[PDB]
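S.K.: Structure in structure tokens, see below.
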Amino acid sequence: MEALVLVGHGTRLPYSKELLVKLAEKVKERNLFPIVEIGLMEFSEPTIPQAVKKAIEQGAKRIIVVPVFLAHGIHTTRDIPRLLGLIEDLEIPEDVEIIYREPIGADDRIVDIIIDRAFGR
Amino acid sequence: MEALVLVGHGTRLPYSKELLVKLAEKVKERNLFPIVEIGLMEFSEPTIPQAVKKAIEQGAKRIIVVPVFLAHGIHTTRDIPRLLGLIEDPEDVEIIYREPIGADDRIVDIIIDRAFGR
Ligand code: NI
Ligand code: NI
């Protein structure tokens with residue numbers, strides 16, 4: 001009844017999509033949501049509309065959209081909210119609700135990661 | 001003698017630089033490096049060359065550059081390595122260019138928090 005949709009920037013190089021695919025695989029391993037999907041804003045498929053439509057098709061009535069972005073920017077304030085129909089400019115049903123979440127940000131766990139990377143781990 | 005340089009994409013909006021500033025401040029609180037600096041690839045100052053120069057001027061001989069990017073892309077494979085002189089097109118100082126964030130189990134943890142509004 002609820003879906004997690006991870007959305008990323010998307011690049012000409014495949015690394016951005018590969019990242020979202022691995023993250024989605026890890027989320028699915030946690031057994032938290034019946035439905036998990038990825039969408040890329042640009043350059044790659046699935047697109048964000050395709051991901052949300054796929055979640056709706058599988059029976060989700062609550063669509064939790066998480067922007068896999070480090071910081072806010074024009075894509076998280078404008079482009080993605082527009083694709084989701086949350087701001088003026112994908113048909114979302116009446117009984118479906120989009121829950122648009124916050125990006126990663128300066129999380130203490132990002133600091134942990136950065137220190138590992140700094141030491142080659 | 002060693003510096004941590006965090007580099008980010010940089011945006012017209014201030015949020016990208018503000019992120020890097022907050023991360024560097026948190027790193028400095030860990031008391032791991034003598035010298036900590038940020039640089040933005042585009043749109044903002046400090047630029048990446050400016051960040052590395054400040055680290056060198058403060059006495060660093062080992063400059064660890066960490067790309068605060070989620071995934072590899074043209075900026076981490078070409079643009080930033082070029083700005084760092086690691087590819088075609115510094116002193117007895119050594120640049121150590123590290124890997125981006127990637128699909129870390131801790132990113133999964135963060136994402137789950139964000140999914141639930143935490
Ligand atoms: Ni962009
Ligand atoms: Ni770019």
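So the protein lines, in turn, are chains A and B.
Residue numbers 1 to 89, 112 to 143, in the deposited numbering, belong to the letters of the first sequence in order.
Residue numbers 1 to 89, 115 to 143, in the deposited numbering, belong to the letters of the second sequence in order.
Ideal placement from N, C-alpha and C gives every residue a C-beta, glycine not left out.
How many angstroms separate the CA atom of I137 (chain B) from the CA atom of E124 (chain A)?
M.R.: If I take the Cα positions, the gap works out to 11 Å.
S.K.: For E42 (chain A), which residues in the same chain have their Cβ closer than 6 Å to its Cβ, ignoring the five residues on either side in sequence?
M.R.: Excluding residues within five positions, the ones whose Cβ falls inside 6 Å are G10.
S.K.: From the DSSP secondary-structure annotation, give me the bridge partner or partners of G39 (chain A).
M.R.: According to DSSP, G39 (chain A) bridges with A:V7.
S.K.: Exposed or buried, what is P67 (chain A) when buried is set at 16 or more other beta-carbons lying within 10 Å of its beta-carbon?
M.R.: The residue is buried, with at least 16 neighbouring Cβ atoms inside 10 Å.
S.K.: Quick check: is the beta carbon of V52 (chain B) nearer than 9 Å to any beta carbon in chain A?
M.R.: Answer no: the Cβ-Cβ gap between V52 (chain B) and chain A never drops below 9 Å.
S.K.: Between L6 (chain A) and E45 (chain A), is the Cβ-Cβ spacing less than 9 Å?
M.R.: Taking 9 Å as the Cβ cut-off, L6 (chain A) and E45 (chain A) do not qualify as a contacting pair.
S.K.: Need the endpoints of the alpha helix (DSSP H) that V133 (chain B) sits in, please.
M.R.: It spans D130 to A140 - the alpha helix (DSSP H) in which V133 (chain B) sits, taken as one unbroken run.
S.K.: Can you find a heavy atom of ligand 1 that lies under 8 Å from the Cβ of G73 (chain A)?
M.R.: It does: the Cβ of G73 (chain A) is within 8 Å (strictly closer) of some heavy atom of ligand 1.
S.K.: Starting from the beta carbon of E124 (chain A), find every residue of chain B whose beta carbon is closer than 9 Å, and list them in chain order.
M.R.: The answer, in chain order, is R139 and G142.
S.K.: Under 9 Å between C-beta atoms, does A71 (chain B) make it to chain A?
M.R.: Yes - at least one Cβ of chain A is within 9 Å of the one on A71 (chain B).
S.K.: Which chain A residues are close to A55 (chain B), counting only those with a beta carbon under 9 Å from its beta carbon?
M.R.: The premise fails here: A55 (chain B) is roughly 13 Å from chain A at the closest Cβ pair, so nothing lies under 9 Å.
S.K.: Find out if the Cβ-Cβ distance for the pair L83 (chain A), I35 (chain A) is shorter than 9 Å.
M.R.: No, the Cβ-Cβ distance between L83 (chain A) and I35 (chain A) is not below 9 Å.
S.K.: Determine the contact status of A51 (chain A) and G59 (chain A), defining contact as a CB-CB distance below 9 Å.
M.R.: In this structure, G59 (chain A) does not lie closer than 9 Å to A51 (chain A) by Cβ.
S.K.: Compute the minimum distance between the beta carbon of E42 (chain B) and the heavy atoms of ligand 3, and state whether it is under 8 Å.
M.R.: Here the bound small molecules are ligand 1 and ligand 2; ligand 3 is not part of this structure.
S.K.: In three-state DSSP terms, what is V52 (chain A)?
M.R.: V52 (chain A): helix per DSSP, three-state reduction.
S.K.: Excluding five sequence neighbours on each side, which residues of the same chain lie with their C-beta closer than 8 Å to the C-beta of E2 (chain B)?
M.R.: These residues qualify, in order along the chain: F33, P34, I35, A60, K61, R62, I63 and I64.
S.K.: Starting from the C-beta of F69 (chain A), find all residues in its chain whose C-beta is less than 6 Å away, skip the five residues before and the five after it, and write them out in chain order.
M.R.: Excluding positions up to five away in sequence, the list reads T76 and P125.
S.K.: Is it right to say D129 (chain B) is buried, meaning 16 or more other beta carbons lie within 10 angstroms of its own, or is it exposed?
M.R.: Buried, since its Cβ has 16 or more Cβ neighbours within 10 Å.
S.K.: Would you list the one or two residues that DSSP bridges to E119 (chain B)?
M.R.: Its beta-bridge partners are B:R62.
S.K.: Examine chain B for any beta-carbon lying closer than 9 Å to the beta-carbon of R30 (chain A), and answer yes or no.
M.R.: By this cut-off, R30 (chain A) is an interface position.
S.K.: What does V36 (chain A) reach in chain B if we use C-beta pairs closer than 8 Å?
M.R.: None at all; the shortest Cβ gap to chain B is about 10 Å.
S.K.: Kindly list, in the order they appear in chain A, the residues whose Cβ is closer than 9 Å to that of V27 (chain B).
M.R.: Chain A residues near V27 (chain B): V133, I136, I137 and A140.
S.K.: What is the DSSP secondary structure of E29 (chain A), counted as helix, strand or coil?
M.R.: DSSP places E29 (chain A) in helix when its eight states are reduced to three.
S.K.: Considering Cα atoms alone, identify which of A:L4, A:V133, A:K28 and A:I56 is closest to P115 (chain A).
M.R.: That would be A:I56, whose Cα lies nearest to the Cα of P115 (chain A).
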